[PDB]
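What follows is one structure encoded as structure tokens, with my remarks underneath.
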Amino acid sequence: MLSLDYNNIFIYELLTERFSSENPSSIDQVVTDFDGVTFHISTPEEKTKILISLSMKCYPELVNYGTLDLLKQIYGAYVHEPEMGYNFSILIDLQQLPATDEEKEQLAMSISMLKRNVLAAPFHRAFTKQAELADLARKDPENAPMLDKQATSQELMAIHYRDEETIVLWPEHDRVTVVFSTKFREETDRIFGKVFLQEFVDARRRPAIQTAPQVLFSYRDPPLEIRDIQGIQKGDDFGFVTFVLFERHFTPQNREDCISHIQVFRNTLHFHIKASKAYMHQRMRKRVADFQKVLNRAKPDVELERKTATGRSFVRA
Amino acid sequence: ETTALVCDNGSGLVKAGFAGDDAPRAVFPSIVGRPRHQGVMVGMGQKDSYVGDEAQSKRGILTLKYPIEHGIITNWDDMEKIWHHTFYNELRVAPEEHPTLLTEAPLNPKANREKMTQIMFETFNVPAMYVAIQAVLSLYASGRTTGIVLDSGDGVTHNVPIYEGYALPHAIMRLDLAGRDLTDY
Amino acid sequence: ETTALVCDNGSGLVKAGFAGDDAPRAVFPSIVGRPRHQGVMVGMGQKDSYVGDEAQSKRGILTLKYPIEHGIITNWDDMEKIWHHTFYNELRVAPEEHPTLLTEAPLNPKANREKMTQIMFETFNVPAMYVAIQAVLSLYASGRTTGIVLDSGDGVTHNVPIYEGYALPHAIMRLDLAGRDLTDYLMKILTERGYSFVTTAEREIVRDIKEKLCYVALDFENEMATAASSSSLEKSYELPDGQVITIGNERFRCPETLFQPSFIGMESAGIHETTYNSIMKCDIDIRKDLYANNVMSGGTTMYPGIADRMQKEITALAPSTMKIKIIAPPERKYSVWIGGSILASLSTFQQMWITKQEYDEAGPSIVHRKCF
Amino acid sequence: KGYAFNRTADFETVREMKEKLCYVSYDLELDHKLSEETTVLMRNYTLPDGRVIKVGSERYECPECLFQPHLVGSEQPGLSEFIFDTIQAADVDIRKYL
Amino acid sequence: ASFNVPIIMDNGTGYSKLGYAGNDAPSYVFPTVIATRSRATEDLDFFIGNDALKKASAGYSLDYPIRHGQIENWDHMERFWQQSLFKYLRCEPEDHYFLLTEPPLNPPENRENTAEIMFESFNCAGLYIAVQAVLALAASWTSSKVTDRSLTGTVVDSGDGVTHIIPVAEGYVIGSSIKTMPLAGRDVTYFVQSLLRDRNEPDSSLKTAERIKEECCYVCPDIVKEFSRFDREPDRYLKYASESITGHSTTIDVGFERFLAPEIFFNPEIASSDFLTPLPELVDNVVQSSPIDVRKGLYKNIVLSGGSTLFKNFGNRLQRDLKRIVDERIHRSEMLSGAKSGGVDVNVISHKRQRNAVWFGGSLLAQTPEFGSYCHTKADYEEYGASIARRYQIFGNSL
Amino acid sequence: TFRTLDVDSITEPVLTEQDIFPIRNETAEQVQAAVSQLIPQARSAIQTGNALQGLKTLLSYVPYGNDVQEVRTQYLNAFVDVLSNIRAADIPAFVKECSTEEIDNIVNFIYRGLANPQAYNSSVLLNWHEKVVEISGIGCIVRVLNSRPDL
Amino acid sequence: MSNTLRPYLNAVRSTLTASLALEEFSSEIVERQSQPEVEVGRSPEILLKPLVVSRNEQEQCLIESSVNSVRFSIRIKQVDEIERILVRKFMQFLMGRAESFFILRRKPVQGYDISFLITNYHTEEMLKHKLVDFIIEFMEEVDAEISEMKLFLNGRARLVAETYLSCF
Ligand SMILES: Nc1ncnc2c1ncn2[C@@H]1O[C@H](COP(=O)(O)OP(=O)(O)O)[C@@H](O)[C@H]1O
Ligand SMILES: Nc1ncnc2c1ncn2[C@@H]1O[C@H](COP(=O)(O)OP(=O)(O)O)[C@@H](O)[C@H]1O
Ligand SMILES: Nc1ncnc2c1ncn2[C@@H]1O[C@H](COP(=O)(O)OP(=O)(O)O)[C@@H](O)[C@H]1O
Ligand SMILES: [Mg+2]
Ligand SMILES: [Mg+2]
Ligand SMILES: [Mg+2]
């Protein structure tokens with residue numbers, strides 16, 4: 001696979017099986033996801049009632065960012081009071097699901113896609129702010145730079161979802177710039193990530209893919225706007241990949257795909273580093289075989305009599 | 001080292017033998033001929049069908065018929081009988097002890113090859129087998145790597161041009177005129 | 001250090017060797033080809049990709065792709081493969097023990113230069129490297145110090161006037177018509193006589209046809225009128241298939257694309273008008289010397305009689321009071337290399353390298369502020 | 001390794017194999033190092049049926065059960081330990097000649 | 001501090017059962033097969049499990065990395081692990097502890113390769129290797145609250161590729177008594193396919209044989225009496241509906257296979273000449289070779305495991321045969337001596353988690369706090385090298 | 001337990017290197033003084049552009065022993081400098097105009113010089129080794145394989 | 001490769017071909033047994049002096065000989081840590097299949113990355129005038145492989161970056 005999936009496959013399959021089934025069964029399984037997020041599935045009250053919980057270390061910051069309302073108008077009346085040890089909880093009963101199959105399938109997909117659904121609140125807020133500044137600047141072109149600066153100052157938003165990762169996003173009259181504070185431990189991971197990040201920068205440059213958002217990466221130094229932001233170390237070992245999303249990159253027909261893509265970026269990079277390790281393994285063995293071919297000299301020709309198959313010559317003559 | 005049966009079920013002859021032999025040790029016509037007379041004579045254990053050299057020798061009162069038509073198998077039961085004869089009465093080796101190596105003409109129907117491997121696996125319980133192409137094996141025997149190989153057997157005539165290693169699949173020309181048609185003419 | 005590496009990674013051909021030598025140790029076409037068939041054979045040493053002379057020899061069963069297009073590298077994988085070939089298979093010298101010299105056409109994107117420098121420094125770990133322009137190399141090779149250089153090659157044609165020790169960057173004219181475009185036009189206009197060339201092997205065959213037969217006339221209208229009475233102008237060529245083809249007015253028509261770019265449907269001045277404009281863009285006090293020193297360089301300028309026709313057109317354009325002289329050494333095919341080697345074998349050049357210790361402390365942008 | 005000898009003639013076959021190939025170690029750690037880093041200990045043995053197998057550390061691990069009977073699940077002491085106990089249990093006078 | 005939940009891997013010959021510790025069921029139970037070709041590069045165009053099964057004729061060639069319990073090809077195994085982890089299991093290796101399992105009697109080289117792949121290609125926090133059995137003993141006891149652990153018995157783990165009879169006494173596994181038969185569900189599946197072959201049924205696909213076992217096969221007391229009963233009784237002649245790809249209502253008339261297939265376990269001569277000792281006799285030999293004091297515990301508790309022990313009347317027949325043999329030996333001793341005895345009873349035990357007893361035992365074991373201390377930490381690997389796990393421990397004594 | 005704690009090392013004293021090769025009759029002070037007298041002559045010969053004669057003079061006496069480490073290191077440094085201060089074109093004449101024992105000493109010491117490349121120049125040592133093996137033959141390397149460990 | 005490694009390569013060739021004058025010899029401490037004497041090192045009277053060949057501080061060739069067995073360990077260049085990881089993994093794969101090589105050790109001596117071990121039997125049956133040929137061929141081809149594999153790493157990183165980024 002080349003592109004990482006955008007939701008939890010186990011939740012999707014479980015929901016599909018339990019919706020299409022006729023005899024439900026009690027289940028209690030806790031499932032982990034990428035980036036430390038953990039999901040818990042249980043049926044404590046009724047065999048036909050399923051409760052799903054979300055765990056995330058940065059969730060209170062999401063609440064500060066205004067994610068409760070987004071979750072509410074995303075998931076309707078399904079909202080349920082959170083369970084112990086978890087952040088967001090949902091309770092679903094199979095007796096009230098829509099009869100039509102496509103509604104059930106889309107509900108299962110939406111529930112399985114809870115990760116980005118809860119993580120996309122800052123992106124939606126940034127898009128709304130970008131629209132506001134766009135219309136305000138269209139009201140008077142001469143009033144752009146000062147409102148742009150005040151938006152870079154006040155609306156500068158940030159989040160820490162991993163302890164070596166950070167998203168810094170802020171809107172403007174025409175763009176929503178985002179900064180990733182990438183850093184890889186596990187030395188060999190950082191070793192391969194250096195090459196991966198270098199090649200990832202070049203990509204955009206090539207005229208072949210100029211339609212993509214502009215990338216900006218420079219290790220050992222952060223951009224001008226985030227040196228004063230708390231949490232950003234003074235370039236200890238952290239890279240900083242910056243994507244500039246213009247108006248065309250979040251057109252009303254392409255917002256969700258862009259959000260999911262920009263969210264999954266880092267996990268894609270990690271998984272593909274591992275895939276590159278496997279690629280080495282296979283090539284390296286594949287032509288150490290050629291070295292063995294080179295060695296197979298220095299063996300005088302000899303003759304084996306039959307050695308027919310799964311046995312020893314199967315005959316005395 | 002890892003001896004394997006090499007059965008080239010040609011349209012006119014069935015050349016067979018072990019891998020590595022200088023020349024095949026089993027050559028005989030691919031003919032199955034049943035008697036066509038009442039046969040009031042009793043005794044001597046008159047068989048109901050004769051295959052190969054026995055059929056050729058008794059052809060005076062036998063209805064010989066080839067089980068293959070222009071490289072395409074049309075008498076699957078007769079071909080199974082011929083394969084059984086080749087494995088047992090001529091080579092005297094158990095099929096499940098050595099792998100086999102078959103050949104078929106290019107551009108042949110796919111069902112022919114599928115049924116060939118299906119029979120040789122389900123029935124004779126052979127360990128493994130391969131279906132090569134006559135032109136490739138002719139290139140092997142010629143001790144070269146390039147060149148276009150003109151192959152014309154009893155069944156069909158075909159040319160497979162092969163450069164260094166690589167074989168062009170769009171330049172394979174197959175012509176059904178062959179030795180049987182020449183004999184008919 | 002005994003000797004320093006130097007590589008002229010041109011668009012069509014690549015020239016490599018040691019500094020101070022007077023002969024290319026290694027010249028092979030800049031071609032990377034992949035197989036396009038099955039290989040029912042056994043063994044044969046199935047090699048995934050053939051590059052250089054091996055690809056040129058086995059083009060019968062390969063599809064060839066040029067990594068460099070119009071002087072800008074577009075397939076960095078193939079470029080790295082070609083550099084690896086030059087380093088290990090033909091010159092077979094360890095990159096880590098030899099400073100290297102590279103060549104890049106003027107006005108190329110800065111991405112090309114930065115990526116090339118970074119690749120050489122990190123993937124090959126060369127001790128030091130430098131990037132130089134073709135025109136400066138041509139002047140170094142010719143022994144001159146003043147004179148506008150016409151460098152026409154496989155990928156791009158550019159003009160860089162240079163006074164005594166100084167270059168005028170504002171008067172540099174770059175034209176994207178070159179040998180590849182000429183070969184494409186020859187392929188297009190050989191169809192009108194029946195012969196058809198499609199695959200990349202046919203493209204190489206047409207390139208050989210242009211090598212052996214194409215030439216530049218003196219007066220286009222008179223040459224066409226002479227070709228109308230097609231008696232003593234046609235020639236013949238032998239394809240590897242054995243078929244003989246006849247060449248006619250298109251023998252000299254396709255070289256005229258340089259002087260009349262409208263033949264391939266591009267609105268631009270010819271290789272003489274661009275030179276005239278480049279000279280006129282310079283200061284007035286140096287035109288009287290730039291006219292007397294017209295330098296021809298590159299593979300494309302090897303056509304018979306191109307120098308005479310270019311001199312005629314430049315003399316017609318320029319005022320008659322000041323003479324026009326054009327020069328083209330018989331070894332101008334490797335003039336860029338000769339200048340590169342002369343520059344690399346200079347004592348005063350030793351402190352103008354870019355060492356690894358200098359590179360890693362400033363990033364890949366150092367090449368922009370040091371090399372040029 | 002994967003070779004299976006469940007027939008009855010295979011018992012005599014492996015007896016002849018141990019007769020021809022197996023040997024008693026002189027230094028345990030040295031032979032573990034040899035079998036851990038070097039392939040020199042590998043021998044090729046062809047069965048009387050005609051089939052060849054690969055034998056490695058088995059060569060020095062087969063007769064090790066005599067000196068370390070816990071390998072075959074025996075609580076009794078090894079050969080040398082049992083010899084030492086037998087000699088030591090005797091009277092003090094005859095201990096040299098033992 | 002508070003670590004993440006451990007992950008319970010399982011790589012069987014036929015099925016691989018991933019999951020988490022503390023769960024009540026494996027998250028994924030899918031076949032151990034990977035699809036592979038021969039503008040995505042050929043490095044990544046691979047599918048595993050049910051996706052590989054469905055995508056079989058679309059341009060991929062399936063291959064089973066594990067056969068007879070031992071891994072032969074390593075590219076397939078490593079690609080299987082990476083696909084599982086980063087596609088279905090959805091975990092970051094560096095922040096979790098793994099509990100791998102693999103059948104006993106494996107070469108130390110295989111364990112070394114597994115450890116080095118796990119700590120280099122992925123480099124997880126810790127890796128622990130357990131023997132397929134053990135976990136079976138752990139999952140044997142159902143109401144495991146504080147005390148009611150048997151901790152002494154025999155586990156007959158019969159699976160897809162190979163079966164293992166391993167005795168356990170007071171927790172520790174007696175190596176000298178370990179014996180293994182190289183016949184399992186796959187060999188009898190090939191036998192069923194051959195039986196379909198000889199009757200010239202319209203469809204003879206291997207999946208058809210698997211389903212024929214799934215809803216047809218059962219164990220019988222003896223073969224000649226069962227043949228006579230089948231001749232007399234005509235309602236034992238079923239016709240399984242196949243529907244292979246397009247052959248609608250191509251019913252397959254099953255026959256004597258329904259009792260001829262399971263009999264291989266109690267009569268291994270049919271499968272091949274590589275083994276000839278019937279399973280009850282082999283279990284008797286295993287128990288007799290054990291130390292004398294633990295024979296009562298070995299006979300009293302016998303635990304079935306694996307998916308190939310789900311045959312009806314399998315446990316009944318095994319218990320009957322073992323009880324008959326032990327009675328024969330005891331009575332022989334009695335008439336040799338001339339005194340009565342209380343005898344020894346045999347209780348072959350089957351439980352509600354027969355199919356995935358190994359996984360359930362692993363999940364129950366991983367939850368113990370002391371499990372973390374037993375894992376191979378990454379620092380130990382980077383210090384002592386890649387041969388940290390080569391000393392084979394459960395069966396046989398090192399040096 | 002009792003498996004470890006080997007005893008074979010004490011009951012039978014294995015042959016030790018002085019039992020194989022003849023012992024050095026000269027004293028430490030004598031050889032130290034001899035080398036300290038020979039080295040400055042070699043350095044002076046290098047200074048006056050007569051490196052061939054300097055190497056010939058330095059080759060006349062060669063020290064050895066397990067108690068002469070420091071003076072042997074100084075001798076090796078001087079020898080390496082002397083050899084590196086020789087023009088390459090004149091090597092074949094020098095090699096052909098030597099006795100077998102002198103060539104044996106030359107190849108032995110250049111090969112020991114090859115063992116410490118963090119302080120020496122390996123290129124000249126490799127070039128000399130190539131030329132001497134080409135001219136004299138393989139017997140020099142054979143003698144190197146069968147020379148004293150302290151050499 | 002060559003045209004570049006003449007003196008070092010020829011020195012290794014000459015030393016190896018001189019050091020391969022092996023002989024059948026039993027064990028002087030264990031009866032009816034024969035072991036490679038270079039690996040045990042218990043009888044010093046039959047062990048020739050260890051010999052080292054080098055071209056630069058990061059390239060060494062330790063040549064330890066004996067009456068029957070010769071162990072020959074080398075170091076190959078690792079200019080940057082990318083090549084360090086590549087060399088380690090590749091040479092591990094190389095030694096992992098020493099069963100079919102007959103002149104390899106499954107684990108190199110400390111401070112090195114590979115150790116050949118030519119016991120007598122290999123010279124006894126396998127003609128040895130091309131064992132050294134394989135040695136030198138490998139010593140150059142290995143650097144060739146490391147360079148090629150780092151190129152392939154760069155290429156695959158470029159491909160995955162383009163594939164990810166193009167789908168915005
Ligand atoms: N020496 C020969 N002269 C003329 N025809 C021959 C000769 N040898 C064989 N043939 C013809 O070739 C045919 C046999 O071809 P064969 O090699 O069996 O092709 P295939 O193996 O593909 O059937 C026979 O029908 C025969 O008529
Ligand atoms: N004698 C010649 N006549 C006509 N065209 C030539 C001749 N020699 C070379 N060429 C053309 O010039 C090109 C050589 O390009 P080159 O000058 O090597 O490019 P670069 O200067 O970028 O290295 C070839 O592609 C060929 O088509
Ligand atoms: N109900 C059943 N009855 C008999 N055999 C079964 C049944 N279900 C599965 N099997 C077979 O028994 C094997 C054992 O299952 P499992 O333990 O998951 O495999 P493995 O031994 O590869 O780990 C299955 O792979 C299958 O071939
Ligand atoms: Mg034929
Ligand atoms: Mg050029
Ligand atoms: Mg199993």
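Residues in the structure tokens are named by chain (A, B, ... in the order shown) and by number from 1 within that chain; ligands are numbered from 1 in the order shown.
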
Residues contacting ligand 3 - anything with an atom at most 9 Å away, using only C-alpha atoms and all ligand atoms - can you give me those as a ChimeraX atom specification?
/E:10-17,29-32,66-69,132,157-163,184-186,188-189,210-211,213-215,217-218,262,305-312,354-358

Could those selected residues go to a file with C-alpha atoms, as a short mmCIF file (atom, residue, chain, number, x, y, z; two decimals), in the first residue's frame?
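After the write, again_8.cif holds the following:
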```cif
data_model
loop_
_atom_site.label_atom_id
_atom_site.label_comp_id
_atom_site.auth_asym_id
_atom_site.auth_seq_id
_atom_site.Cartn_x
_atom_site.Cartn_y
_atom_site.Cartn_z
CA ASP E 10 0.07 -15.26 16.54
CA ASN E 11 1.49 -16.77 13.34
CA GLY E 12 0.03 -20.21 12.73
CA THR E 13 0.57 -22.34 9.66
CA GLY E 14 -2.90 -21.65 8.28
CA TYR E 15 -4.38 -18.79 10.29
CA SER E 16 -2.84 -15.77 12.01
CA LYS E 17 -4.68 -14.33 15.01
CA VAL E 29 -8.44 -14.00 12.44
CA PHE E 30 -7.36 -14.19 8.80
CA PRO E 31 -5.32 -16.69 6.77
CA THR E 32 -1.53 -16.44 6.86
CA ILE E 66 4.56 -20.55 7.08
CA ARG E 67 4.47 -24.30 6.47
CA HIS E 68 4.76 -27.03 9.11
CA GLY E 69 5.06 -24.18 11.62
CA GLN E 132 2.43 -22.26 21.14
CA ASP E 157 -2.21 -28.87 20.21
CA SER E 158 -3.31 -30.03 16.75
CA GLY E 159 -3.50 -27.30 14.14
CA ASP E 160 -3.17 -26.69 10.42
CA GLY E 161 0.46 -27.54 9.72
CA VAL E 162 1.81 -29.59 12.62
CA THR E 163 0.55 -31.06 15.89
CA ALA E 184 -2.32 -31.81 10.84
CA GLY E 185 -5.38 -30.24 9.22
CA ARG E 186 -3.54 -29.47 5.99
CA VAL E 188 -5.99 -34.39 5.96
CA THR E 189 -7.27 -31.55 3.76
CA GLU E 210 -12.22 -27.09 3.74
CA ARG E 211 -15.95 -26.37 3.83
CA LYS E 213 -14.71 -30.54 6.69
CA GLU E 214 -16.38 -27.50 8.21
CA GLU E 215 -19.89 -28.93 8.01
CA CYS E 217 -16.60 -34.60 8.80
CA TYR E 218 -16.82 -36.49 12.08
CA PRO E 262 -10.59 -37.69 10.81
CA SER E 305 -6.02 -26.96 21.47
CA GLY E 306 -5.99 -25.68 17.91
CA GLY E 307 -8.69 -25.59 15.28
CA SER E 308 -8.14 -29.17 14.15
CA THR E 309 -9.42 -30.70 17.41
CA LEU E 310 -13.00 -29.49 16.86
CA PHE E 311 -14.05 -32.77 15.23
CA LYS E 312 -17.08 -34.38 16.84
CA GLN E 354 -10.84 -24.46 21.72
CA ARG E 355 -10.28 -22.65 18.42
CA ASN E 356 -8.02 -19.86 19.76
CA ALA E 357 -6.81 -21.25 23.08
CA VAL E 358 -3.26 -20.15 22.29
#
```

Residue hits in chain G, query chain D, radius 6 Å, only C-alpha atoms, as number ranges by chain:
G: 105-107

Each residue of chain G lying at most 10 Å from chain E should get a row with its shortest atom-to-atom pair and the distance in Å to one decimal, counting only C-alpha atoms; could you produce that, ordered by chain and increasing number, as JSON lines?
```
{"residue": "G:89", "atom": "CA", "partner": "E:120", "partner_atom": "CA", "distance": 9.5}
{"residue": "G:96", "atom": "CA", "partner": "E:113", "partner_atom": "CA", "distance": 9.5}
{"residue": "G:156", "atom": "CA", "partner": "E:41", "partner_atom": "CA", "distance": 9.2}
{"residue": "G:159", "atom": "CA", "partner": "E:41", "partner_atom": "CA", "distance": 9.4}
{"residue": "G:160", "atom": "CA", "partner": "E:40", "partner_atom": "CA", "distance": 9.5}
{"residue": "G:163", "atom": "CA", "partner": "E:40", "partner_atom": "CA", "distance": 9.3}
```

All residues 7 Å or closer to residue 252 in chain C, only C-alpha atoms, same chain fewer than 3 positions away omitted, as a list in words:
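Everything that qualifies: residues 214, 215, 216, 217, 249, 255 and 256 of chain C.
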
Output N, CA and C atoms for every residue in that selection, as a short mmCIF file (atom, residue, chain, number, x, y, z; two decimals), in the first residue's frame.
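Generated file (out_30.cif):
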```cif
data_model
loop_
_atom_site.label_atom_id
_atom_site.label_comp_id
_atom_site.auth_asym_id
_atom_site.auth_seq_id
_atom_site.Cartn_x
_atom_site.Cartn_y
_atom_site.Cartn_z
N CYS C 214 23.64 15.63 -42.79
CA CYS C 214 23.12 16.99 -42.73
C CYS C 214 24.25 18.02 -42.83
N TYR C 215 23.95 19.13 -43.50
CA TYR C 215 24.89 20.22 -43.67
C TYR C 215 24.11 21.51 -43.89
N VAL C 216 24.79 22.63 -43.68
CA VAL C 216 24.18 23.95 -43.80
C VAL C 216 24.60 24.58 -45.12
N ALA C 217 23.62 25.09 -45.86
CA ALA C 217 23.88 25.71 -47.15
C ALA C 217 24.38 27.14 -46.95
N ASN C 249 16.39 17.57 -50.42
CA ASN C 249 16.44 18.93 -49.90
C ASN C 249 16.37 18.96 -48.38
N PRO C 255 18.94 21.73 -40.91
CA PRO C 255 19.89 22.65 -40.28
C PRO C 255 19.45 24.10 -40.34
N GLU C 256 18.68 24.50 -41.35
CA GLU C 256 18.21 25.88 -41.44
C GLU C 256 17.22 26.24 -40.34
#
```

Give the residue list for ligand 4 at 8 Å, counting only C-alpha atoms and all ligand atoms, as a PDB file with C-alpha atoms, in the first residue's frame, sorted by chain and then by residue number.
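Output saved as result39.pdb:
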```pdb
ATOM      1  CA  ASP B   8       7.464 -33.980 -25.946  1.00  0.00           C
ATOM      2  CA  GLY B  10       4.459 -34.124 -30.694  1.00  0.00           C
ATOM      3  CA  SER B  11       1.591 -34.405 -33.134  1.00  0.00           C
ATOM      4  CA  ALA B 105       2.756 -24.862 -29.933  1.00  0.00           C
ATOM      5  CA  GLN B 134       8.971 -25.711 -29.038  1.00  0.00           C
ATOM      6  CA  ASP B 151       9.560 -25.057 -36.250  1.00  0.00           C
ATOM      7  CA  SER B 152       7.491 -27.355 -38.477  1.00  0.00           C
ATOM      8  CA  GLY B 153       6.301 -30.631 -36.980  1.00  0.00           C
ATOM      9  CA  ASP B 154       3.568 -33.055 -37.923  1.00  0.00           C
ATOM     10  CA  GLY B 155       0.826 -30.784 -36.600  1.00  0.00           C
ATOM     11  CA  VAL B 156       1.629 -27.105 -37.135  1.00  0.00           C
TER      12      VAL B 156
END
```

Quick check for you: according to DSSP on this backbone, which residues of chain G are classed as alpha helix (DSSP H)? Reply as a PyMOL selection string.
chain G and resi 6-18+37-40+81-96+120-125+131-166

List as number ranges by chain the protein and nucleic acid residues near residue 63 in chain F, meaning an atom at most 10 Å away when only C-alpha atoms are counted, but skip any in the same chain fewer than 4 places from it.
F: 24, 26, 28, 31-32, 34-35, 68-69, 71-72, 75-76, 150-151

For C-alpha atoms, I'd like the residues from the last selection saved as a PDB file, in the first residue's frame.
```pdb
ATOM      1  CA  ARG F  24      68.529 -12.122  21.870  1.00  0.00           C
ATOM      2  CA  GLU F  26      72.464  -8.383  22.998  1.00  0.00           C
ATOM      3  CA  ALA F  28      68.678  -3.527  25.899  1.00  0.00           C
ATOM      4  CA  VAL F  31      70.696  -2.084  21.026  1.00  0.00           C
ATOM      5  CA  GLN F  32      69.124   1.184  22.180  1.00  0.00           C
ATOM      6  CA  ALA F  34      73.057   1.336  18.385  1.00  0.00           C
ATOM      7  CA  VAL F  35      69.685   2.507  17.067  1.00  0.00           C
ATOM      8  CA  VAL F  68      62.568  -2.502  23.052  1.00  0.00           C
ATOM      9  CA  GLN F  69      59.131  -1.220  22.043  1.00  0.00           C
ATOM     10  CA  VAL F  71      63.224   2.376  20.330  1.00  0.00           C
ATOM     11  CA  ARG F  72      61.642   0.058  17.767  1.00  0.00           C
ATOM     12  CA  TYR F  75      63.339   3.116  14.255  1.00  0.00           C
ATOM     13  CA  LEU F  76      60.114   2.383  12.373  1.00  0.00           C
ATOM     14  CA  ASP F 150      58.906  -9.450  17.924  1.00  0.00           C
ATOM     15  CA  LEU F 151      60.357  -8.348  14.565  1.00  0.00           C
TER      16      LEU F 151
END
```

At a cut-off of 12 Å, which residues of chain C touch chain G? Count only C-alpha atoms and give the answer as a PyMOL selection string.
chain C and resi 75-98+118-127

Ligand 5 neighbours within 7 Å using only C-alpha atoms and all ligand atoms, as JSON, numbers by chain:
{"C": [8, 10, 11, 105, 134, 153, 298]}

The selected residues should be written to file as a PDB file, in the first residue's frame (atoms: N, CA, C and O atoms).
```
ATOM      1  N   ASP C   8      31.503  16.675 -17.865  1.00  0.00           N
ATOM      2  CA  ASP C   8      30.652  17.571 -18.647  1.00  0.00           C
ATOM      3  C   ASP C   8      29.333  16.855 -18.921  1.00  0.00           C
ATOM      4  O   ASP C   8      29.102  16.275 -19.984  1.00  0.00           O
ATOM      5  N   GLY C  10      26.542  16.873 -20.217  1.00  0.00           N
ATOM      6  CA  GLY C  10      25.723  17.502 -21.230  1.00  0.00           C
ATOM      7  C   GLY C  10      24.403  16.785 -21.444  1.00  0.00           C
ATOM      8  O   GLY C  10      24.182  15.658 -21.001  1.00  0.00           O
ATOM      9  N   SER C  11      23.501  17.475 -22.145  1.00  0.00           N
ATOM     10  CA  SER C  11      22.157  16.945 -22.356  1.00  0.00           C
ATOM     11  C   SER C  11      22.177  15.680 -23.205  1.00  0.00           C
ATOM     12  O   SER C  11      21.471  14.712 -22.900  1.00  0.00           O
ATOM     13  N   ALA C 105      24.474  24.832 -17.799  1.00  0.00           N
ATOM     14  CA  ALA C 105      24.168  25.894 -18.739  1.00  0.00           C
ATOM     15  C   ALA C 105      23.688  27.142 -17.999  1.00  0.00           C
ATOM     16  O   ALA C 105      23.138  27.050 -16.900  1.00  0.00           O
ATOM     17  N   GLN C 134      29.317  27.091 -19.470  1.00  0.00           N
ATOM     18  CA  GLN C 134      29.948  26.610 -20.695  1.00  0.00           C
ATOM     19  C   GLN C 134      30.754  27.693 -21.399  1.00  0.00           C
ATOM     20  O   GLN C 134      31.814  27.398 -21.959  1.00  0.00           O
ATOM     21  N   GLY C 153      24.424  23.073 -28.393  1.00  0.00           N
ATOM     22  CA  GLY C 153      24.588  21.673 -28.067  1.00  0.00           C
ATOM     23  C   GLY C 153      23.348  20.848 -28.332  1.00  0.00           C
ATOM     24  O   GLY C 153      22.521  21.207 -29.174  1.00  0.00           O
ATOM     25  N   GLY C 298      30.406  23.620 -29.012  1.00  0.00           N
ATOM     26  CA  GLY C 298      29.342  22.651 -28.876  1.00  0.00           C
ATOM     27  C   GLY C 298      29.279  21.693 -30.054  1.00  0.00           C
ATOM     28  O   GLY C 298      29.847  21.927 -31.124  1.00  0.00           O
TER      29      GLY C 298
END
```

Need the shell around range 60-72 of chain C: protein/DNA/RNA residues with any atom at most 7 Å away, counting only C-alpha atoms. Skip same-chain ones fewer than 5 positions apart. Format as an MDAnalysis selection string?
chainID C and resid 11 30:36 78:79 105 108 112 155:156 176 200:201
